[PDB]
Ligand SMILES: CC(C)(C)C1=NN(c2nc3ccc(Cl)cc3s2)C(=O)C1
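Next up is one chain by itself, shown in structure tokens, the form solved without this ligand.
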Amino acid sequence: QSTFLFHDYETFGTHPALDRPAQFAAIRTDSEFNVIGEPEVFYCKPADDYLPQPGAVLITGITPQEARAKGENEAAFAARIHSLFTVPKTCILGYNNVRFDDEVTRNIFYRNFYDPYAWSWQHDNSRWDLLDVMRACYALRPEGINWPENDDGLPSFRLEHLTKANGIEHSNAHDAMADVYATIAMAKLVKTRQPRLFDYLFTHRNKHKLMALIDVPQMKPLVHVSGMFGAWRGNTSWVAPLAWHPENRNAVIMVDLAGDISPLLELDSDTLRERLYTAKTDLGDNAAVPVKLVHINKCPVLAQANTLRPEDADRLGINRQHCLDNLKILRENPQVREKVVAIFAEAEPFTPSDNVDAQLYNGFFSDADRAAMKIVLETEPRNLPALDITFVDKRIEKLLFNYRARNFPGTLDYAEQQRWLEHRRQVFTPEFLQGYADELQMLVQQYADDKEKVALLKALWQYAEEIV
């Protein structure tokens, strides 16, 4: 039978590759969102070459001392998650998971010699993200659920703000296990209050399922829900697919039909590109480029025009006529496409980092390396160096040493212990430790009144003292 796997990480920082996880929690459920099996919760021991983001710690309320005492090493941490995730017929999901948690999981698997993507697809698996489901529910089919307005009078979609707005036990927020229930409940609510949409959006979580909607040649208009648009637009707009992204295969170039389409008609590509990557604050008295990408593998909400009803339009302040006009102009002018696609054909302006943790997206691993890395998983730690393997991917050697050094220091010899002590010395430089102490010493002189917040800060200094 098929199942839904709700999960939520509590990390030591925002950057998934560079920051480490602190806590993991997950619950297995059926299609009706009824709890199957026991709830899974466990902590991760942070390595001795990393300090947490003090902000993240003020949010999570979990000190490295607690995680070190309670948790397991990252190799086990990854094993337990990979065990749960690889169960056949499992749809893994959470809240804002595609653009955070899943990025963590991928690195956790990447750092600990597990396949970073297989969990999402292999054995009839998939993933889902409820965030845009809530935005789509509010935008398209709000009747039934209470929607919390912001200070400016705009719709908020923070989990804690939702569960409280619909009478659900949201006491003690930012807790791995407490958030999963709050998510499951939020799903259960939308499933009950609005099934059709919930199903549509579910079945249309698939890369190939979305594809069907895209008729680039005919520029068939589609409803697109995304936070990138804006809460004043119900995070919603009509869009038209101009062309497939020239390099990335999972991306497609969408034109915003609500935006002013003059720049595309007037300016050339080279200038448009520069015009696309400019801030609204420092941008002058010009209309911005009404173009964005949609990553069909990142659970984007797409539907056909008629899904967005003229009522729901008037409710969200979206001019249907203006969208219908620009479409006719875009259909009337092919030359617009030519210039647009060329914007996304340019090569990567950023130089790749030499930090092995951040190289996940430097291509896939081969079958030989993929197999050889399994033998590394099966081979016991102590016997890892004795095993002579000829790897192809230069990342593997650096990944290994870090794996063994972080997870199994006691398996290191003298040289390996020394070069690690150097690696650490390069991380915890006086100027790095000062800036940290400055960041703490600032925050304490800011949250001084909050004894709970201070206690957490002090703990970070006491940790920072005993780690170096």
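One-based numbering along the sequence shown.
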property	result
Higher-B stretch (mean Cα B-factor, as the entry records it), 354 to 362 or 165 to 173	165 to 173
Residue stretch of maximal mean CA temperature factor, 437 to 445 vs 397 to 405	437 to 445
C-alpha B-factor winner, where the candidates are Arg127, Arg141, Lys339, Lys298	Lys339
Peak C-alpha temperature factor (PDB record), options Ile329, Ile184, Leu222, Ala78	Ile329
Ranked C-alpha temperature factor of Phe4 among modelled chain residues, by third	middle
CA B-factor placement of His208, once the chain's modelled residues are sorted into thirds	middle
Third assignment of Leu18 from its chain's C-alpha B-factors	middle
Record-listed C-alpha B factor of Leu154: chain third	highest
For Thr105, the third of its chain into which the C-alpha B factor falls	lowest
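Omitted from view is the form deposited with this ligand bound, to which the following refers.
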property	result
Partner-facing stretch of 109 to 117, 186 to 194, 301 to 309, 200 to 208, counted where any non-hydrogen atom is within 4.5 angstroms of this ligand in the deposited bound form	301 to 309
Contacting member of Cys323, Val98, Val376, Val341, with respect to this ligand in the deposited bound form [4.5 Å, heavy atom]	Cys323
Heavy atom within 4.5 Å of this ligand in the deposited bound form - residue from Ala78, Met254, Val133, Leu257	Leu257
Contact label in the deposited bound form: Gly94 to this ligand, heavy atom within 4.5 Å	no
Contact of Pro241 with this ligand in the deposited bound form (heavy atom, 4.5 Å)	no
Non-hydrogen atom contact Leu276 with this ligand in the deposited bound form at 4.5 angstroms	no
This ligand contact in the deposited bound form: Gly234, any heavy atom under 4.5 Å	no
Within 212 to 235, the residues that have a heavy atom no more than 4.5 Å from this ligand in the deposited bound form	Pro221
